[PDB]
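A quick write-up on the structure given underneath.
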Amino acid sequence: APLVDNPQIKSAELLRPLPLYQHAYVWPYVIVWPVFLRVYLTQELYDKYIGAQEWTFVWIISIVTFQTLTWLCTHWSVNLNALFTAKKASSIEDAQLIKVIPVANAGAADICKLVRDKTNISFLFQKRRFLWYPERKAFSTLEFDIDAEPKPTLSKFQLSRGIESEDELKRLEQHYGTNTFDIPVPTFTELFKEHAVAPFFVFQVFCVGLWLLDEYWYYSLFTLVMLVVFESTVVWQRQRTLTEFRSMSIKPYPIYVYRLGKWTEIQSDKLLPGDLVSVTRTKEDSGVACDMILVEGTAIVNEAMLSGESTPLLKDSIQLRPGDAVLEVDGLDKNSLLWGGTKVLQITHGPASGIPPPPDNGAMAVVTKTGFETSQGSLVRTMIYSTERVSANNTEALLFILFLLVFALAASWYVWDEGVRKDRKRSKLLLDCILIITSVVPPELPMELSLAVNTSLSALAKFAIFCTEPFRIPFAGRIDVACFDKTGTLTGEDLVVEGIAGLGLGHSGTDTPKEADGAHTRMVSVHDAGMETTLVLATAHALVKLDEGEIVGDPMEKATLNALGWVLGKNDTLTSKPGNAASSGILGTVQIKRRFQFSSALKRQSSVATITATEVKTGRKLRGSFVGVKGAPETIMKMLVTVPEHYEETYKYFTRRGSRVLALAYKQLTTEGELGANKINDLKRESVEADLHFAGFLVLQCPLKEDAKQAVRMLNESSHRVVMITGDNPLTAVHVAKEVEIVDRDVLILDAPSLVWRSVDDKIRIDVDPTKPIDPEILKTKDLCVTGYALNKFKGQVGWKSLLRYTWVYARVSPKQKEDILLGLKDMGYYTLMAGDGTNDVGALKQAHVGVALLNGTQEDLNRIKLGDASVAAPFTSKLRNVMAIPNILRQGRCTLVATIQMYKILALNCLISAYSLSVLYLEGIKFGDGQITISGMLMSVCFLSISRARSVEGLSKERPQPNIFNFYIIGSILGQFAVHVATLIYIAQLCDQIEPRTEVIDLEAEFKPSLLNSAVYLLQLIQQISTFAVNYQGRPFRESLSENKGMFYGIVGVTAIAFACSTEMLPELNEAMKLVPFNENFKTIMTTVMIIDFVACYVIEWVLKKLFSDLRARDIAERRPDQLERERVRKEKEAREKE
Ligand SMILES: Nc1ncnc2c1ncn2[C@@H]1O[C@H](COP(=O)(O)OP(=O)(O)O)[C@@H](O)[C@H]1O
Ligand code: ALF
Ligand SMILES: [Mg+2]
Ligand SMILES: [Mg+2]
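Residue numbers for the sequence shown, in UniProt numbering: 2 to 119, 125 to 356, 365 to 767, 776 to 887, 1011 to 1285.
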């Protein structure tokens, strides 16, 4: 039943083409036209319904407008395109076009074209290839070799020899296509012809024609030029954005491919699935071209494109895997796949197919996916084409236009009534009414939200912050909860190894110092540690040495290797042959054989090695196989053969001061000799990580960043709420949150000893039940810290809705529970922001409304050298290590919202003034001069150019701007200022009528003549437009003030001075340039007083309404107790006093 089987495609229909003479805009008009021609050619029929020669133009324009509208309706809407041109088709045997309409907020619908090849029916939608499958009777996406419903056996990949037939090569090239990113940038002509059909560009040309019909030959040229240059700059912006998106692809580089039994040199854009390609060390500005699965050798890679981490990963082959009867899974073999867009740092070798090695001596891999179907390719394709636009709904600006159109319709109706009461000419009156109707619609009101976003993006890219989805910028103006991370986001990257603690557990030491609770205080340095501790520190690590001579890995592993004193070798060997205090004994060698890599959900890392070490002071020679494990103390505790007495108290005491505690464990498989080549590959993770003994805790110290406290204090006192979602110990997280002032009261930790409330000093213990609700006093008078175990056990009970509102510090959460917390906070109505820098938060970054991936990198790297280096893990990306980048996003979104509101108000108040001035001028039959209205338009354009310059303040304020148009701040201010302007204009028109009487005779001559009413109305409307620009400049509490910047203040002062000099008749040449009449002194004085009163009333109304209704209140989760407000006020007063 469904034609297209895809979650992101709603409807699809089959259509057939039709000839040109059968379209919906040919036959009805070709049957209507001869009827009108016969009516016009008939003399007796010409008198009735055609009238004079004037209404003939009206009928011709009407029929031509209907024909042009019918033609353009096929371009405006896809449904009308299918209805008019195309015709429904019965079966797939007779079909050439397909109408495809996607799901909401997933791009634009279209009419794709079927293609047939030899049987094989396919088409393209949003640069994605869909194929017709006759068995399922539906269209679906391409099916690859690794995505078969029965998972392929590993003998298919191990014994593969590449494509060996040229016919199969041609078939694969036809089926899948080349390995290129199809992102074409078109020229100016194509973009202009695509943009000159839009419904708001035809309307302005129609308005230009309407003005040209009324003998205005200087205004129409000016507005046509302005419209042309605006469309040109929009086209240039779109082309620049498309070029920036195009700059993400990888330039092709030569590679070696096994084809037809020989190693050939093929460019990187001519790769097909099933190829056997030799990989080597990649260069700068190049990555892996396509997704591959390794079959021989080992690689050391850096997957910075798909995750924010930059620590290298050790990919191994599937050569040793017994895949004769074992089906391939992606869970166990996740360490053998090379993704496209990553960099291969190192190739090491440490076959079943029976092929010679490649000439470049690289590893061998088998291609799996090519083109847009890779992970990076799919992410880029979704980013570019199928994404929500900046103004998706457009159901509020198009109603605001109708709101103005109601006023214009009322004015036009009154004009028509008062014109037909006095028996005026019907054609001129109809043209005046149409002009009044069409002179109220702002041209770019649907815009001015998609125009400020580009300026915000440029300002952000100044700060090295890049955004790939620009429709999330307004969301940053409404953030209510701002989540964070502990290690790598709020704490520094370098670590100092304090030492090894708890070596005396198990009654190893008798006179060791001990506190009241039983914790062992004494801490021993790494040099003076035991032999087993030294070997478990050396063995359980993932540090590799490049051929240049550098060491790369996790910072804590580099730190513990530097503190240990041992030296890394080329073939995964560590030795301490020199005898000195730097080696501190324990001399020997350690050679690693197999590694079980660290996983965030497992919280441990194990390693198997062959050791041969001796202790100098007490002998105790050791040799043979050995296995070392390091991880979180809670995880290691469950795997010990016997837990020592004071384990929990010791690690709790050592983590209470803010340190980081890692637990080590060791086991000896064989006492003498190696385990064996076959036995090593037969080991499993579950079997090797059991029955371990104990080694001392490694104690690290993570230093806080210099910008963490300032950024968090900026976020906290600006109607935001900041929470921490970490995976470290609850006590370390509580200490860090207390240091950065996230929590300021006593803290209670909800954790199993099941699910008890505990104090940080462990003097309060309260039992709670998962089913019963939380105690109200605990919520009222305590600060909460909810672990991962309690959050897991509170999955479906009633407590879940009350924890997420009263918890600021979540600790010990797996990467799935982070996205669980984010989804739970998003489902209650709040807006969330997440800032992470790791693979833990990748799931969480793609669920929050705003996602920042802090790519920790130095400024010197940028000085040595821009969407190429940016990743695709989060929509936002900052390339520096400063926490202050987060406020710089929430300030830019706020400025975007403020500028949008001010532009809406300015446009809506500038259109109505012109409409109701033309309405007043058309009651007496006189009209504006050509030069006067051209000068007014040029001055308004200059004012718009001058007011567009605006900067931002250096701090966040407590006032949140309104996010939408229909509030009680925009509507009320617009109506009040409109009423004031209307009252002043009506009063001055009545006074002009009183001073100079009207002859009530409108002659046939329509040549413009100078008059008092025309000059007064023109001067008043100019001054009113300038006052509207000067008053509604929304830049007092969020941007720079009006008088602080000369760029617009000088222009406003100059325009007002010129207008008042024209009013005061100081320059008669300027008065005669715009055809102004001489004034008497009393009229000049009364007009000046009227203008001053108008400006003062508008300013007072705007100020009152801004001070009353502009502030959108903070949510209930962001409200602060009076104690914190008092502390903030006291600290701010002290800072102000100590400033000078
Ligand atoms: N390279 C590593 N080797 C062993 N254990 C680690 C390593 N990295 C982190 N751990 C431990 O895993 C636990 C969970 O860490 P995780 O939540 O994955 O990241 P983070 O420590 O940034 O929150 C931590 O308590 C830490 O002690
Ligand atoms: F320190 Al983390 F997720 F990076 F808890
Ligand atoms: Mg992190
Ligand atoms: Mg990490």
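Even for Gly, the Cβ is constructed at its ideal location relative to N, Cα and C.
C-alpha gap between residue i and residue j, whole angstroms
{"i": "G741", "j": "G633", "result": "41 Å"}
{"i": "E1189", "j": "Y852", "result": "37 Å"}
{"i": "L351", "j": "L230", "result": "57 Å"}
{"i": "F1111", "j": "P1223", "result": "45 Å"}
{"i": "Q390", "j": "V864", "result": "14 Å"}
{"i": "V736", "j": "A857", "result": "11 Å"}
{"i": "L588", "j": "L578", "result": "11 Å"}
{"i": "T685", "j": "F640", "result": "9 Å"}
{"i": "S255", "j": "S78", "result": "33 Å"}
{"i": "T524", "j": "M537", "result": "15 Å"}
{"i": "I448", "j": "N1159", "result": "21 Å"}
{"i": "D336", "j": "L697", "result": "19 Å"}
Residue i beta carbon near ligand 1 (any heavy atom closer than 7 Å)
{"i": "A646", "result": "yes"}
{"i": "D842", "result": "no"}
{"i": "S614", "result": "yes"}
{"i": "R618", "result": "yes"}
Cβ pair residue i, residue j closer than 8 Å
{"i": "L867", "j": "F480", "result": "no"}
{"i": "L160", "j": "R327", "result": "yes"}
{"i": "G518", "j": "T505", "result": "no"}
{"i": "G280", "j": "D95", "result": "no"}
{"i": "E512", "j": "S316", "result": "no"}
{"i": "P488", "j": "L412", "result": "no"}
{"i": "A204", "j": "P3", "result": "no"}
{"i": "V283", "j": "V381", "result": "yes"}
{"i": "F228", "j": "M1219", "result": "no"}
{"i": "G645", "j": "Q611", "result": "no"}
{"i": "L278", "j": "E410", "result": "no"}
{"i": "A875", "j": "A1019", "result": "yes"}
{"i": "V241", "j": "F207", "result": "no"}
{"i": "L877", "j": "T861", "result": "no"}
{"i": "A833", "j": "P767", "result": "no"}
{"i": "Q869", "j": "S400", "result": "no"}
{"i": "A109", "j": "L19", "result": "no"}
{"i": "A627", "j": "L549", "result": "yes"}
Residue i beta carbon near ligand 2 (any heavy atom closer than 7 Å)
{"i": "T740", "result": "yes"}
{"i": "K500", "result": "yes"}
Distance between beta carbons of residue j and residue i, contact taken as under 8 Å
{"i": "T553", "j": "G642", "result": "4 Å"}
{"i": "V757", "j": "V831", "result": "6 Å"}
{"i": "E571", "j": "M653", "result": "Contact flag wrong, Cβ pair sits at about 21 Å."}
{"i": "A812", "j": "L764", "result": "5 Å"}
{"i": "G1196", "j": "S1097", "result": "About 21 Å separates the two Cβ atoms, so there is no contact after all."}
Ligand 4 heavy atom lying under 7 Å from the CB of residue i
{"i": "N862", "result": "yes"}
Exposure label - residue i; buried when at least 16 CB within 10 Å
{"i": "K719", "result": "buried"}
{"i": "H534", "result": "buried"}
{"i": "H660", "result": "buried"}
{"i": "residue 890", "result": "Because the chain is numbered 887 and then 1011 with no intervening positions, residue 890 cannot be located in this model."}
{"i": "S12", "result": "exposed"}
{"i": "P156", "result": "exposed"}
{"i": "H76", "result": "exposed"}
{"i": "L1063", "result": "buried"}
{"i": "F1174", "result": "buried"}
Distance cut-off 7 Å: residue i Cβ against heavy atoms of ligand 3
{"i": "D281", "result": "no"}
{"i": "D322", "result": "no"}
{"i": "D859", "result": "yes"}
{"i": "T317", "result": "no"}
{"i": "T503", "result": "yes"}
Any non-hydrogen atom of ligand 5 closer than 7 Å to residue i Cβ
{"i": "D568", "result": "Summarising the ligand content, the structure contains ligand 1, ligand 2, ligand 3 and ligand 4 and does not contain ligand 5."}
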